[PDB]
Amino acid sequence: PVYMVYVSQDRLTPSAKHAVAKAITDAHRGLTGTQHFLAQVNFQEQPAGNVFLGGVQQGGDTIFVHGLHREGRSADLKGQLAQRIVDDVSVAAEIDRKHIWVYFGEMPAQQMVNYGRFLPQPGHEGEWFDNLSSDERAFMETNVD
């Protein structure tokens, strides 16, 4: 799945980026079964003050998580996953929840490419892991915590 994380520049240090990305990947794989390496966490940093809420300019603390998922998961499980991301980014980034916004958008996997391959749907992903395999299977194996 793709996790766009919008943050102000220099609110997350390198270690805190590694921590938040770990937490998000851990939550996603824990709740969906997705293989670790399929989770992109992609940090979009902008200068603090680029964020407005109700027209009031903000400091550097607001974190917005735009998660792009395959269609096919239950509303209950998406609710759990988003809450757990709220909690776990609170902890990893060591920031209060009030600054955490979380949105999941869903597409058909048939229009979703990861690592250059069309995603299967959660009716697969164990079987899916065949692929352009070898160079591909092994390129994925490394991008795992």
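Residue positions are given as counts along the sequence shown, with the first one as 1.
Novice: Determine, for stretches 114-122 and 73-81, which one has the higher mean CA B-factor as deposited.
Specialist: Higher mean C-alpha B-factor: 114-122.
Novice: Taking the recorded C-alpha temperature factors, which stretch has the higher mean, 2-10 or 136-144?
Specialist: 136-144 has the higher mean C-alpha B-factor.
Novice: Out of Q40, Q44, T34, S90, which shows the largest CA B-factor listed in the entry?
Specialist: Out of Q40, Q44, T34, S90, the record gives the largest C-alpha B-factor to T34.
Novice: Whose CA atom has the top B-factor in the entry, of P108, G30, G67, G55?
Specialist: It is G55.
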